[PDB]
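Chemist: My structure is below; once you've seen it, I'll send some questions.
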Amino acid sequence: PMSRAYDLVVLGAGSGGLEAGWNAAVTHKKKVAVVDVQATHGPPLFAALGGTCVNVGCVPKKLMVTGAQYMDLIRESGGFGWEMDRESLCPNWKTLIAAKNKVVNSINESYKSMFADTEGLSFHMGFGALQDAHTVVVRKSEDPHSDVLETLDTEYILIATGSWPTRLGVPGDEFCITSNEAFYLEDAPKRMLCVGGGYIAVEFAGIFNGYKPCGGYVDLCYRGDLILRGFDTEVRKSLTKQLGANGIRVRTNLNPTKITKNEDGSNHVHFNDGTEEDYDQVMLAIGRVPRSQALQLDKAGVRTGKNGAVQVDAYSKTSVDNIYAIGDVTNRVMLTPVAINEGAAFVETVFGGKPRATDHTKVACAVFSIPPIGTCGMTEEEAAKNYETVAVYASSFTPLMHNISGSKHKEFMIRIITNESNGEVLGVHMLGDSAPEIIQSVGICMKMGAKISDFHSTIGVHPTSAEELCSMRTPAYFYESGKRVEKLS
Ligand SMILES: Cc1cc2nc3c(=O)[nH]c(=O)nc-3n(C[C@H](O)[C@H](O)[C@H](O)COP(=O)(O)OP(=O)(O)OC[C@H]3O[C@@H](n4cnc5c(N)ncnc54)[C@H](O)[C@@H]3O)c2cc1C
Ligand SMILES: C[n+]1nn(-c2ccc(-c3nc(CCc4ccccc4)cs3)c(OCCN3CCNC3=O)c2)cc1CCCCN
């Protein structure tokens, strides 16, 4: 029967939202409205049709990291006989941004063709907010007194509005940029400060390092002792070293207290230690918080916790039974394939009749640092707490090509965290070229409950960095009852 205009209204046409909207509309023939604030990428809104990863996230970030890598690859070609004038060779940033804009734009265009050509799936441009459990309002602006454009009468509501960069909140915070503005910079900065120690700060440090003009430099300033909290300790220390050798100055236990604007348009930065310094740009990558604050969630009575995160059960359902929330807005794991999986599971549950909850354990991820990280499962620190007896397997080697390339700092590192009792693999931590590609396949094995014996019984593929996975038999050391031991009782 027809009660309402739509079966489903989706707030946010991102990784989660479009998966949900598309699945609900084509495989279940439901009537689906999808709300987003613009159709094409660009400031001041930044995010658009396709969401954060397509417009100002992993797609454009990966293109720019690929771009930055050519600095290393061009240097390394010399050893192999490639002679070119490397005297003051630095790249054209405008070329990169033009090329990246062209690619993202063509994805935005591809999503418009999807909407126009897909029956029962419609796109509603503006700002979503709830009036009640069955009514979503689309406005011209975020401001709740702005003109109402549409009133969407709907059975189910899916909240998939993702996240937004946190600010520093100090005098001169407004002279700083984020990931959002970094993507639309008119020029590659000569003197770059990346504030933060998360995967975004580190990935962007490597981009600015690759595209810096000829006398330029990148500083990475983190308020803690060691970058990349939540990652393997030895991977974090080895990457810190390898950023150093690539020319990035990593500064620990440091936070800006004050930014002021210089005469020439640069930024004077004061720090904890008393130090003052000038940077052409200062970028903040210090957190991303749910975008729940303009959705009028209290009006409809949807439970908000954490940093404005929407509370859900294993089925991504809110306090209101017809309203669901997925992706970065629910906190949990802020990854694109997770949001897509929750979106898929939401449609299977509510419209498919076949209930499913997204499995958030043993999810592999990557950091597109130079060099990159590939990780799946737990650190030895959290293994040694939750587990009786833990074996740590560890191997570091230098691909022979780096004897020729000159890049002798490029240690490839594998670390396997195991349960000593049954040999079950709890964690795999890799640092080096192709780690993100290798870890995907490792994620499959770990899903199937792979044991260390499954790794070293596999015939190697020679020569690769990945064959070292299948040559780790003897533990480096153990933990019994959460304490590190040389050898086992
Ligand atoms: C720089 C960067 C790099 C990243 N790299 C990776 C990576 O390599 N791998 C990875 O897995 N993840 C990566 N991520 C994370 C990834 O982008 C997110 O986890 C993912 O986009 C979350 O999808 P979502 O559906 O939850 O929300 P989003 O994709 O953010 O969807 C939100 C959408 O809703 C819109 N919207 C917001 N508020 C409203 C409103 N009130 N009304 C209507 N529409 C609204 C937004 O404009 C946006 O289009 C990266 C993130 C950043 C910032
Ligand atoms: C004629 N027609 N064209 N489309 C269409 C259009 C676009 C897409 C997509 N484009 C992209 C971007 C890919 C891209 C890659 C390189 C350059 C540019 C874009 C991802 S999904 C697309 O993919 C749908 C799969 N999706 C989308 C979101 N989640 C999914 O699983 C489909 C649909 C239809 C009718 C459907 C049947 C019901 N009447």
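Every chain in the structure tokens takes a letter, A first, then B, and so on in the order presented; its residues are numbered from 1, and the ligands are numbered from 1 following the presented order.
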Would you pick out the contacts of residue 75 of chain A at 9 Å or less, using only C-alpha atoms, so that residues sharing its chain but fewer than 6 positions from it are not included, and give the list as a ChimeraX atom specification?

Modeler: /A:86,405-407

Chemist: Could you write out that same residue set with N, CA and C atoms as an mmCIF file, in the first residue's frame?

Modeler:
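Output file selection11.cif is given in full below:
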data_model
loop_
_atom_site.group_PDB
_atom_site.id
_atom_site.type_symbol
_atom_site.label_atom_id
_atom_site.label_comp_id
_atom_site.auth_asym_id
_atom_site.auth_seq_id
_atom_site.Cartn_x
_atom_site.Cartn_y
_atom_site.Cartn_z
ATOM 1 N N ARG A 86 68.298 16.263 -12.908
ATOM 2 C CA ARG A 86 67.595 16.269 -11.596
ATOM 3 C C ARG A 86 67.936 17.563 -10.845
ATOM 4 N N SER A 405 68.999 1.430 -6.166
ATOM 5 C CA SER A 405 68.173 2.668 -6.194
ATOM 6 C C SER A 405 68.830 3.791 -5.381
ATOM 7 N N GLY A 406 69.584 3.435 -4.333
ATOM 8 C CA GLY A 406 70.141 4.393 -3.360
ATOM 9 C C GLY A 406 69.246 4.562 -2.140
ATOM 10 N N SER A 407 68.008 4.053 -2.174
ATOM 11 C CA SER A 407 67.006 4.232 -1.085
ATOM 12 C C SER A 407 67.168 3.143 -0.010
#

Chemist: Given a cut-off of 9 Å, what residues near ligand 2 show up using only C-alpha atoms and all ligand atoms, put as number ranges by chain?

Modeler: A: 14-23, 25-27, 29, 50, 54, 103-121, 340, 344

Chemist: The selected residues should be written to file as a tab-separated table (two decimals), in the first residue's frame (atoms: N, CA and C atoms).

Modeler:
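What follows is the written file again09.tsv:
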chain	number	residue	atom	x	y	z
A	14	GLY	N	26.82	9.84	0.38
A	14	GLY	CA	28.22	9.40	0.54
A	14	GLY	C	28.38	7.91	0.36
A	15	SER	N	29.49	7.36	0.87
A	15	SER	CA	29.88	5.93	0.72
A	15	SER	C	28.74	5.03	1.20
A	16	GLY	N	28.26	5.28	2.42
A	16	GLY	CA	27.11	4.57	3.04
A	16	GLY	C	25.80	4.86	2.33
A	17	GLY	N	25.45	6.14	2.17
A	17	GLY	CA	24.13	6.59	1.68
A	17	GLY	C	23.80	6.05	0.30
A	18	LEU	N	24.72	6.18	-0.65
A	18	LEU	CA	24.50	5.76	-2.06
A	18	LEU	C	24.41	4.23	-2.13
A	19	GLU	N	25.21	3.50	-1.36
A	19	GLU	CA	25.11	2.02	-1.31
A	19	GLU	C	23.68	1.66	-0.90
A	20	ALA	N	23.21	2.23	0.21
A	20	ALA	CA	21.86	2.00	0.76
A	20	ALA	C	20.81	2.41	-0.28
A	21	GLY	N	20.87	3.66	-0.76
A	21	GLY	CA	19.88	4.22	-1.70
A	21	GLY	C	19.75	3.36	-2.94
A	22	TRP	N	20.89	3.02	-3.55
A	22	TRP	CA	20.97	2.24	-4.80
A	22	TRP	C	20.42	0.83	-4.57
A	23	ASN	N	20.86	0.13	-3.51
A	23	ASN	CA	20.43	-1.26	-3.22
A	23	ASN	C	18.92	-1.29	-2.99
A	25	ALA	N	16.61	0.81	-4.01
A	25	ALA	CA	15.86	1.24	-5.21
A	25	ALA	C	15.88	0.15	-6.29
A	26	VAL	N	17.02	-0.47	-6.60
A	26	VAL	CA	17.09	-1.36	-7.79
A	26	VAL	C	16.76	-2.81	-7.40
A	27	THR	N	17.34	-3.36	-6.32
A	27	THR	CA	17.15	-4.81	-6.00
A	27	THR	C	15.84	-5.01	-5.21
A	29	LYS	N	13.15	-2.44	-5.47
A	29	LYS	CA	12.15	-1.58	-6.17
A	29	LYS	C	11.45	-0.64	-5.17
A	50	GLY	N	28.53	11.61	-3.85
A	50	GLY	CA	29.64	10.64	-3.79
A	50	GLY	C	30.28	10.62	-2.42
A	54	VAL	N	35.03	10.24	-2.21
A	54	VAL	CA	35.04	10.60	-3.66
A	54	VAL	C	35.54	12.04	-3.84
A	103	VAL	N	39.13	14.40	-12.64
A	103	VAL	CA	38.79	12.98	-12.29
A	103	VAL	C	37.57	12.97	-11.36
A	104	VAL	N	37.62	13.76	-10.28
A	104	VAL	CA	36.54	13.83	-9.25
A	104	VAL	C	35.25	14.29	-9.93
A	105	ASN	N	35.37	15.31	-10.77
A	105	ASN	CA	34.25	15.90	-11.54
A	105	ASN	C	33.56	14.80	-12.36
A	106	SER	N	34.34	13.96	-13.03
A	106	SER	CA	33.81	12.90	-13.92
A	106	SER	C	33.06	11.85	-13.08
A	107	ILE	N	33.44	11.67	-11.80
A	107	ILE	CA	32.74	10.76	-10.84
A	107	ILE	C	31.42	11.41	-10.41
A	108	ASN	N	31.44	12.71	-10.10
A	108	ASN	CA	30.23	13.50	-9.76
A	108	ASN	C	29.22	13.37	-10.91
A	109	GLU	N	29.69	13.58	-12.15
A	109	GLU	CA	28.88	13.47	-13.40
A	109	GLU	C	28.30	12.06	-13.52
A	110	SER	N	29.11	11.05	-13.20
A	110	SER	CA	28.70	9.63	-13.34
A	110	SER	C	27.54	9.34	-12.37
A	111	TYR	N	27.57	9.92	-11.17
A	111	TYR	CA	26.51	9.78	-10.14
A	111	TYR	C	25.23	10.53	-10.53
A	112	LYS	N	25.33	11.65	-11.25
A	112	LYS	CA	24.13	12.36	-11.79
A	112	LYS	C	23.43	11.47	-12.82
A	113	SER	N	24.19	10.82	-13.72
A	113	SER	CA	23.67	9.87	-14.74
A	113	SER	C	22.95	8.72	-14.04
A	114	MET	N	23.48	8.26	-12.90
A	114	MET	CA	22.87	7.18	-12.09
A	114	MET	C	21.46	7.60	-11.68
A	115	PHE	N	21.32	8.80	-11.12
A	115	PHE	CA	20.05	9.32	-10.55
A	115	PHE	C	19.02	9.51	-11.67
A	116	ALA	N	19.39	10.27	-12.70
A	116	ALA	CA	18.54	10.56	-13.88
A	116	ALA	C	18.03	9.25	-14.50
A	117	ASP	N	18.86	8.20	-14.52
A	117	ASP	CA	18.60	6.95	-15.29
A	117	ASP	C	18.07	5.81	-14.40
A	118	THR	N	17.91	6.01	-13.08
A	118	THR	CA	17.50	4.93	-12.13
A	118	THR	C	16.09	5.19	-11.61
A	119	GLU	N	15.17	4.24	-11.82
A	119	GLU	CA	13.73	4.41	-11.52
A	119	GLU	C	13.51	4.31	-10.01
A	120	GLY	N	12.81	5.29	-9.42
A	120	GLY	CA	12.46	5.32	-7.99
A	120	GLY	C	13.59	5.82	-7.11
A	121	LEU	N	14.71	6.25	-7.70
A	121	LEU	CA	15.86	6.85	-6.97
A	121	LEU	C	16.01	8.31	-7.41
A	340	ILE	N	29.94	1.35	3.49
A	340	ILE	CA	29.29	0.62	2.35
A	340	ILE	C	28.68	-0.67	2.90
A	344	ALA	N	24.73	-1.70	3.02
A	344	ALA	CA	24.28	-2.96	2.38
A	344	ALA	C	23.47	-3.79	3.37

Chemist: With a distance cut-off of 7 Å and only C-alpha atoms, select the neighbouring residues of residue 94 of chain A, excluding the residue or stretch itself and same-chain residues fewer than 2 positions from it, and output the selection as a count of residues only.

Modeler: 6

Chemist: Would you please give, as a VMD selection string, all residues of segment 66-231 of chain A that DSSP assigns to strand (DSSP E) based on the backbone?

Modeler: chain A and resid 121 to 125 127 to 132 135 to 139 148 to 159 163 to 165 191 to 195 217 to 221

Chemist: Counting only C-alpha atoms, which residues in segment 158-229 of chain A sit no more than 12 Å from segment 305-321 of chain A? For each one, give the nearest pair of atoms and the distance in Å, sorted by chain then residue number, as JSON lines.

Modeler:
{"residue": "A:158", "atom": "CA", "partner": "A:317", "partner_atom": "CA", "distance": 9.0}
{"residue": "A:159", "atom": "CA", "partner": "A:310", "partner_atom": "CA", "distance": 8.6}
{"residue": "A:160", "atom": "CA", "partner": "A:310", "partner_atom": "CA", "distance": 10.1}
{"residue": "A:161", "atom": "CA", "partner": "A:310", "partner_atom": "CA", "distance": 10.6}
{"residue": "A:162", "atom": "CA", "partner": "A:309", "partner_atom": "CA", "distance": 9.9}
{"residue": "A:163", "atom": "CA", "partner": "A:309", "partner_atom": "CA", "distance": 9.4}
{"residue": "A:164", "atom": "CA", "partner": "A:307", "partner_atom": "CA", "distance": 11.3}
{"residue": "A:166", "atom": "CA", "partner": "A:307", "partner_atom": "CA", "distance": 10.6}

Chemist: Save out the residues we just selected, N, CA, C and O atoms, as a PDB file, in the first residue's frame.

Modeler:
ATOM      1  N   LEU A 158      17.434   7.078   6.904  1.00  0.00           N
ATOM      2  CA  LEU A 158      18.850   6.662   7.067  1.00  0.00           C
ATOM      3  C   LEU A 158      19.721   7.913   7.189  1.00  0.00           C
ATOM      4  O   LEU A 158      19.714   8.730   6.249  1.00  0.00           O
ATOM      5  N   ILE A 159      20.439   8.046   8.307  1.00  0.00           N
ATOM      6  CA  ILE A 159      21.375   9.178   8.571  1.00  0.00           C
ATOM      7  C   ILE A 159      22.786   8.710   8.210  1.00  0.00           C
ATOM      8  O   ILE A 159      23.283   7.766   8.852  1.00  0.00           O
ATOM      9  N   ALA A 160      23.390   9.349   7.210  1.00  0.00           N
ATOM     10  CA  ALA A 160      24.697   8.968   6.631  1.00  0.00           C
ATOM     11  C   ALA A 160      25.453  10.239   6.233  1.00  0.00           C
ATOM     12  O   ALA A 160      25.977  10.302   5.103  1.00  0.00           O
ATOM     13  N   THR A 161      25.503  11.209   7.152  1.00  0.00           N
ATOM     14  CA  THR A 161      26.037  12.579   6.922  1.00  0.00           C
ATOM     15  C   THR A 161      27.542  12.630   7.223  1.00  0.00           C
ATOM     16  O   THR A 161      28.127  13.722   7.072  1.00  0.00           O
ATOM     17  N   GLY A 162      28.144  11.500   7.614  1.00  0.00           N
ATOM     18  CA  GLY A 162      29.605  11.352   7.761  1.00  0.00           C
ATOM     19  C   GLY A 162      30.159  12.219   8.879  1.00  0.00           C
ATOM     20  O   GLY A 162      29.458  12.381   9.898  1.00  0.00           O
ATOM     21  N   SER A 163      31.365  12.765   8.688  1.00  0.00           N
ATOM     22  CA  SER A 163      32.131  13.513   9.722  1.00  0.00           C
ATOM     23  C   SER A 163      32.709  14.810   9.141  1.00  0.00           C
ATOM     24  O   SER A 163      32.471  15.087   7.946  1.00  0.00           O
ATOM     25  N   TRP A 164      33.422  15.575   9.974  1.00  0.00           N
ATOM     26  CA  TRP A 164      33.936  16.936   9.658  1.00  0.00           C
ATOM     27  C   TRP A 164      35.193  17.209  10.482  1.00  0.00           C
ATOM     28  O   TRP A 164      35.277  16.783  11.632  1.00  0.00           O
ATOM     29  N   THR A 166      37.896  18.556  13.019  1.00  0.00           N
ATOM     30  CA  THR A 166      37.969  19.326  14.287  1.00  0.00           C
ATOM     31  C   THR A 166      38.978  20.461  14.112  1.00  0.00           C
ATOM     32  O   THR A 166      39.945  20.294  13.339  1.00  0.00           O
TER      33      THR A 166
END

Chemist: Run DSSP on the backbone and give me the residues of segment 344-467 of chain A it puts in helix (DSSP H, G or I), as a PyMOL selection string.

Modeler: chain A and resi 344-350+380-386+401-405+435-447+452-456+466-467

Chemist: If you measure from atom CA of residue 7 of chain A to atom 18 (C, counted along the ligand's line) of ligand 1, what distance in Å do you get, rounded to one decimal?

Modeler: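 It comes out at 25.5 Å.
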